[PDB]
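Q: Chains as they are written, first to last, in the authors' numbering: chain A, 1 to 304; chain A', 1 to 304. A prime marks a further copy of an entry chain. Note that the Cβ used here is the ideal one computed from N, Cα and C, for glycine as well. Right, I'll just put the structure down here and ask away after.
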Ligand SMILES: *CCC(=O)N(c1ccc(C(C)(C)C)cc1)[C@@H](C(=O)NCC)c1cccnc1
Ligand SMILES: *CCC(=O)N(c1ccc(C(C)(C)C)cc1)[C@@H](C(=O)NCC)c1cccnc1
């Protein structure tokens with residue numbers, strides 16, 4: 001029993017982190033096979049922050065200008081190319097610690113672990129969610145760029161995020177491993193306001209099922225609702241609309257607990273309307289939305 | 001910017017996890033050098049739960065009765081001994097992935113990361129604190145025993161916890177790596193009620209400093225207090241008493257922010273007396289106590 005914000009074991013990803021330096025800028029890179037992936041803003045200087053022309057800046061760079069260090073040993077760069085907002089540095093050596101991997105572009109509401117790194121070295125691991133406004137609420141300092149987000153299925157690492165920047169509001173923006181930003185963000189120091197950060201309704205419901213499985217049941221009520229009635233409440237509280245696809249994904253949790261999805265929606269509706277009255281659920285005083293239905297099942301079943 | 005419940009990178013510990021089986025009981029073991037450490041309750045059957053005599057049960061076991069598997073390869077057991085509540089299985093092979101390590105017995109209020117494992121395989125990593133009542137609020141299912149807690153200082157892993165059991169209240173109890181339980185708990189299925197789970201005051205203050213560093217400042221007030229006045233409030237709210245040692249450890253955070261420790265205590269006193277009025281601090285609606293002053297400094301400086 002017990003329910004924690006759990007991250008995947010980070011070992012497989014730690015073995016891929018390298019330090020990339022170009023000129024006087026240093027950030028993290030991801031070494032998989034004979035390619036090092038890193039944010040293309042590694043080529044930017046202090047004056048190439050406001051409006052950089054990456055193609056023009058990249059013409060002034062050769063293979064020897066990219067210094068790639070894995071631990072204390074230097075990697076030989078034999079090629080470089082730009083794909084969207086990432087640089088791919090071909091090196092002459094395949095990473096011997098390369099795990100089985102995939103590149104995935106996640107949907108908003110999905111969760112993943114981040115291995116925060118600085119100068120190619122891992123500092124910590126934590127669990128995140130891609131917000132509906134395509135930002136992530138991370139913990140990243142200067143030099144953390146190139147740190148990656150990932151999920152693991154037995155022995156396969158699915159990389160989904162690469163950190164690029166911090167918006168002026170303290171939230172984080174980045175790309176998939178093809179260099180395409182999540183959301184409308186650009187790798188430029190400009191006014192980029194984030195949109196409405198709505199609550200991930202299907203995740204809050206999954207967490208309420210996790211609470212029931214663990215003994216926190218005070219919020220269960222004698223009521224039920226409909227998808228349309230619940231969604232009128234969700235819109236009022238800036239919660240994402242709940243669809244039949246969401247109800248379907250909550251099916252195993254509904255079956256395990258014996259609580260119909262719509263009955264759980266009615267408990268959520270009452271919690272939104274009345275608040276928690278100073279009470280807690282799974283050690284939290286607010287409704288947690290960074291656990292997907294898959295995460296709840298995984299943690300509650302012990303998937304290794 | 002941003003502040004997260006961050007765990008240490010778990011790679012160094014993942015390379016030490018093994019599966020230990022004795023009879024029909026399987027749990028996790030920790031392979032360091034040529035020794036595998038695991039809870040001695042691996043020798044217990046369904047009838048040796050109420051009042052096991054570990055010395056008598058261990059006489060019926062030989063080296064070949066302990067099956068130790070590291071991944072898919074079997075380790076040869078050449079010795080076995082009981083030290084307090086842990087078994088030490090001498091194997092014929094030193095773990096090639098053994099990191100630099102130490103065994104430390106932590107104090108209550110200190111934090112550490114847990115690598116939850118099942119059948120020798122890691123499932124997830126999360127950050128914990130040793131509660132003042134010597135329990136940990138973890139996430140552990142059946143078979144998680146032998147999973148370990150640790151801290152890392154550059155390249156040295158300091159193991160501090162080994163999971164042994166779940167109390168009937170859903171909280172967790174375990175030992176240091178010398179097999180000595182934290183708290184009064186015994187490795188027996190009996191009535192073991194936990195004591196008052198008080199709040200770790202020095203940690204809440206460290207987290208309030210982390211909030212200021214990150215821009216969450218609404219709780220800062222125009223008041224100050226004294227250690228004795230603050231402690232009268234702390235006793236009323238089941239917070240641990242704050243000592244001058246605690247004030248001293250908060251010195252770097254006080255210096256960085258320019259907010260005197262006693263001024264921050266006065267903000268905490270007001271938050272305890274008035275509550276949060278529906279507001280949040282670092283994305284939390286309650287006062288977080290599982291970040292030590294060292295953790296705040298580490299995360300806010302990017303220690304790898
Ligand atoms: C890795 C670099 C870094 O820390 N940045 C950062 C600086 C500059 C840029 C460009 C050249 C694209 C404008 C991108 C990233 C930080 C940042 O986003 N600063 C504002 C632009 C940063 C700070 C903290 C966390 N992540 C990133
Ligand atoms: C690893 C074994 C396990 O899951 N236990 C457990 C069973 C039995 C014992 C003895 C023989 C000492 C009574 C210890 C541990 C679970 C447990 O504590 N059950 C009640 C005794 C368990 C369950 C969940 C998380 N951790 C441990």
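Quick check: the Cα distance between residue 197 (chain A') and residue 32 (chain A'), rounded to an integer number of angstroms?
A: Straight-line Cα distance between these residues: approximately 33 Å.
Q: Quick one: using the 10 Å Cβ neighbour count with 16 as the cut-off for buried, is residue 223 (chain A) buried or exposed?
A: Result: exposed.
Q: Among A:9, A:290, A:100, A:44, which residue has its Cα nearest to the Cα of residue 203 (chain A)?
A: Of A:9, A:290, A:100, A:44, the residue nearest in Cα terms is A:290.
Q: Can you list the residues of chain A' that residue 36 (chain A) reaches, using a CB-CB cut of under 9 Å?
A: Neighbours of residue 36 (chain A) on chain A': none; closest Cβ ~18 Å, over 9 Å.
Q: Tell me which residues share the same chain as residue 247 (chain A) and place their Cβ nearer than 6 Å to its Cβ, disregarding the 5 neighbours each side in the sequence.
A: Excluding residues within five positions, the ones whose Cβ falls inside 6 Å are 261.
Q: Note down, in chain order, every chain A residue with its Cβ under 8 Å from the Cβ of residue 26 (chain A').
A: Residues of chain A passing the Cβ test: none, with the nearest at roughly 13 Å.
Q: How many angstroms separate the CA atom of residue 85 (chain A') from the CA atom of residue 54 (chain A')?
A: Answer to the nearest angstrom: the Cα atoms are 9 Å apart.
Q: Taking only the alpha-carbon atoms, compute the straight-line gap between residue 70 (chain A') and residue 14 (chain A') and give it to the nearest angstrom.
A: Going from the Cα of residue 70 (chain A') to the Cα of residue 14 (chain A') covers about 11 Å.
Q: For chain A', is any of its Cβ atoms less than 7 Å away from the one on residue 14 (chain A)?
A: Yes, contact with chain A'.
Q: Quick one: residues in its chain with C-beta nearer than 6 Å to the C-beta of residue 265 (chain A'), no 5 flanking neighbours on either side, listed in chain order?
A: Excluding sequence neighbours, residue 265 (chain A') sits near 225, 230.
Q: Does the beta-carbon of residue 80 (chain A), which I'm using as the reference point, lie nearer than 6 Å to any heavy atom of ligand 2?
A: Residue 80 (chain A): no, Cβ never under 6 Å from ligand 2.
Q: When you compare each of A':29, A':108, A':300 to residue 144 (chain A') by their alpha carbons, which one comes out closest?
A: Of the candidates A':29, A':108, A':300, the one whose C-alpha sits nearest the C-alpha of residue 144 (chain A') is A':29.
Q: Please state the DSSP three-state secondary structure of residue 267 (chain A').
A: Note: residue 267 (chain A') maps to helix in three-state DSSP.
Q: Applying the criterion that 16 or more other CB atoms from any shown protein chain within 10 Å of the CB defines a buried residue, is residue 115 (chain A) buried or exposed?
A: Per the 10 Å Cβ criterion, buried.
Q: Nearest to residue 164 (chain A) by CA position, among A:235, A:221, A:40, is which residue?
A: Among A:235, A:221, A:40, the Cα nearest to that of residue 164 (chain A) is on A:40.
Q: Spell out whether any CB of chain A is found under 7 Å from the CB atom of residue 4 (chain A').
A: It does; some Cβ of chain A falls within 7 Å.
Q: Whose Cβ in chain A lies nearer than 9 Å to the Cβ of residue 166 (chain A')?
A: By Cβ distance, chain A contributes 1, 2.
Q: Between which residues of its own chain and residue 18 (chain A') is the CB-CB distance below 8 Å, once the five residues before and five after are set aside?
A: Hits under 8 Å: 28, 29, 30, 31, 36, 68, 69, 70, 75, 120.
Q: Just verifying my parser: in three-state terms, what is the DSSP assignment at residue 220 (chain A)?
A: Three-state DSSP puts residue 220 (chain A) in coil, outside helix and strand.
Q: Could you name the residues of chain A that residue 272 (chain A') contacts, counting a contact when the two beta carbons are closer than 7 Å?
A: Simply none; closest approach about 13 Å.
Q: Would DSSP call residue 194 (chain A) helix, strand or coil?
A: Three-state result, residue 194 (chain A): coil.
Q: Could you check if residue 187 (chain A') belongs to the surroundings of ligand 2, using beta carbon to heavy atom distance under 6 Å?
A: Yes, ligand 2 has a heavy atom inside 6 Å of this Cβ.
Q: Within the chosen definition, does the segment 94 to 104 of chain A' reach the segment 152 to 164 of chain A' through at least 3 CB pairs nearer than 8 Å?
A: These segments touch.
Q: Please identify the residue among A':268, A':146, A':185 whose C-alpha is closest to the C-alpha of residue 42 (chain A').
A: Nearest option by C-alpha distance: A':146.
Q: What is the DSSP secondary structure of residue 303 (chain A), counted as helix, strand or coil?
A: Reduced to three states, the DSSP call for residue 303 (chain A) is coil.
Q: Cα-Cα, which of A':161, A':205, A':62, A':252 is closest to residue 241 (chain A')?
A: Cα-wise, what sits closest to residue 241 (chain A') is A':205.
Q: Can you tell me which of A':113, A':189, A':130 puts its alpha carbon nearest to the alpha carbon of residue 47 (chain A')?
A: Looking at the Cα atoms, A':189 is the closest of the given residues.
Q: Does the structure place the segment 205 to 216 of chain A close enough to the segment 105 to 113 of chain A that three or more beta carbon pairs sit under 8 Å?
A: No, the segment 105 to 113 of chain A is not in contact with the segment 205 to 216 of chain A.
Q: Would you verify that the beta carbon of residue 132 (chain A) is, or is not, closer than 7 Å to some beta carbon of chain A'?
A: Answer no: the Cβ-Cβ gap between residue 132 (chain A) and chain A' never drops below 7 Å.
Q: Which partner residues does residue 80 (chain A') have in the DSSP bridge list?
A: Note: residue 80 (chain A') sits in a beta bridge opposite A':89.
Q: Let me check understanding here. Comparing Cα to Cα, which of A:132, A:9, A:288, A:92 lies closest to residue 151 (chain A)?
A: Answer by Cα proximity: A:9.
Q: Do residue 249 (chain A) and residue 184 (chain A) have their CB atoms nearer than 7 Å?
A: Result no, Cβ atoms of residue 249 (chain A) and residue 184 (chain A) do not sit closer than 7 Å.
Q: Please confirm whether residue 126 (chain A) has its beta-carbon closer than 7 Å to some beta-carbon of chain A'.
A: With 7 Å as the cut-off, residue 126 (chain A) counts as an interface residue toward chain A'.
Q: Looking at chain A', is there any beta carbon in it that lies within less than 7 Å of the beta carbon of residue 191 (chain A)?
A: No - not a single Cβ of chain A' is within 7 Å of the one on residue 191 (chain A).
Q: For residue 138 (chain A') and residue 283 (chain A), I'd like the C-alpha separation in whole angstroms.
A: Near 11 Å, if we compare the C-alpha coordinates of residue 283 (chain A) and residue 138 (chain A').
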